[PDB]
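Residue numbers (the entry's author numbering): 1 to 338.
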Amino acid sequence: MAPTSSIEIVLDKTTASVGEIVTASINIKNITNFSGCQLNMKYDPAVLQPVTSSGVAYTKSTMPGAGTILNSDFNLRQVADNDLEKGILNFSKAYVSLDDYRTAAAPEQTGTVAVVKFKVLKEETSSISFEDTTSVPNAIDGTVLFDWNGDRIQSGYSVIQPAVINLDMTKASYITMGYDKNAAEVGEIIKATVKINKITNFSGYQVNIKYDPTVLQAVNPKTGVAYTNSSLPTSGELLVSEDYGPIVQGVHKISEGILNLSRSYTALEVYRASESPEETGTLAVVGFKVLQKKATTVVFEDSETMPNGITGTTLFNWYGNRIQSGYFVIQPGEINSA
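What follows is the structure, encoded as structure tokens:
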């Protein structure tokens with residue numbers, strides 16, 4: 001299930017100086033009967049410039065470079081309509097000879113669908129993400145994947161993003177997850193810790209986390225006892241001062257591999273009066289028991305229950321204001337990579 005089935009933007013380097021090239025590979029994994037896609041990619045056009053006839057700036061009609069799938073003889077349709085002023089790449093890449101593709105019975109479910117090279121114009125931490133555009137509609141975070149019947153794939157995959165270039169792990173403002181280990185055998189528990197860095201006047205969080213319940217089981221990270229749909233996470237370093245009235249709740253859908261966790265201080269005036277904000281530290285620990293040893297991941301993922309969420313995350317300051325910008329969501333790595 002998702003996020004084992006995914007589309008992701010993967011950079012070949014995570015730091016690059018001005019004038020250097022960063023290669024963004026658009027990779028899919030385990031997309032059943034995949035035949036094609038339409039993707040709307042957003043970047044900051046003050047920071048990055050898409051390039052290549054190896055070296056030449058894209059124009060309006062420039063297609064991304066070829067990847068490792070969608071190169072076969074099933075009548076590939078390709079169109080691009082890029083807005084270089086706004087920093088939007090929009091392209092379609094799909095097989096049209098679907099009857100023949102089906103009959104071939106060898107679907108291209110995993111690989112690189114396209115490559116976009118970016119030249120760095122400015123020293124500035126910056127992200128690349130697929131984003132909804134009104135000229136879609138019903139994309140999933142700017143992504144439309146098609147199966148070999150020509151039907152849109154409407155569920156069952158995660159959009160793993162943003163891809164971030166030139167992030168300073170000490171200085172940047174972000175939320176992320178870390179693992180105590182990124183490989184583990186069947187029956188072992190991986191401890192996944194939600195944590196933040198430099199979030200100004202932070203007072204609480206809500207996060208929506210997606211895992212593949214056929215590969216990992218949500219459990220208490222010490223005891224191994226399975227989470228139910230109301231299980232609390234184990235507390236971390238932050239939001240544990242009793243004086244500020246923390247409240248915590250979990251509302252999950254374990255059969256679908258969805259956790260939703262929230263913890264906030266409530267006595268915000270008392271907290272503000274301390275003049276000692278909690279801005280960097282761990283928020284929550286969840287356990288993941290390995291059911292099968294195969295490559296998977298855990299991700300922050302948007303929820304229809306969090307329409308104002310930023311890739312499945314909401315952070316509040318100590319006036320109860322949603323922090324709407326100025327931090328990155330940093331997805332954790334792969335678990336049990338091959």
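All C-beta atoms, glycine included, are put in the ideal place defined by N, C-alpha and C.
Of the other Cβ atoms in all chains shown, fewer than 16 fall within 10 Å of the Cβ of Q154; this residue is therefore exposed.
In the structure shown, the three-state DSSP call for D212 is coil. DSSP places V270 within a helical segment (H, G or I) once states are collapsed to three.
In terms of Cβ geometry, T282 and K195 form a close pair [threshold 8 Å]. A residue is called buried when at least 16 other Cβ atoms come within 10 angstroms of its Cβ; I247 does not meet this threshold and is exposed.
Between the alpha carbons of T311 and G87 lies a distance of about 20 Å.
When rounded, the separation of the alpha-carbon atoms in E278 and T200 is 8 Å. Judged by their CB atoms, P221 and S255 are not nearer to each other than the 8 Å cut-off. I7 places its beta carbon less than 8 Å from that of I28. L89 sits away from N149, with the two beta carbons spaced by 8 Å or more. About 6 Å separates the Cβ atoms of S173 and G326, confirming a contact at the 8 Å cut-off. Scanning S127, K93 and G55 for the CA closest to the CA of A66 turns up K93. Runs of the beta strand (DSSP E) lying entirely within the segment 47-104 and spanning at least 3 residues, in chain order: 48-51, 76-80 and 88-95.
DSSP lists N27 and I160 as the bridge partner or partners of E8. Per DSSP, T313 is one residue of the beta strand (DSSP E) stretching across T313 to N317.
For the options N82, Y244 and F91, the alpha carbon positioned closest to that of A114 is the one of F91.
For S255, the secondary structure class from DSSP, reduced to helix, strand or coil, is helix.
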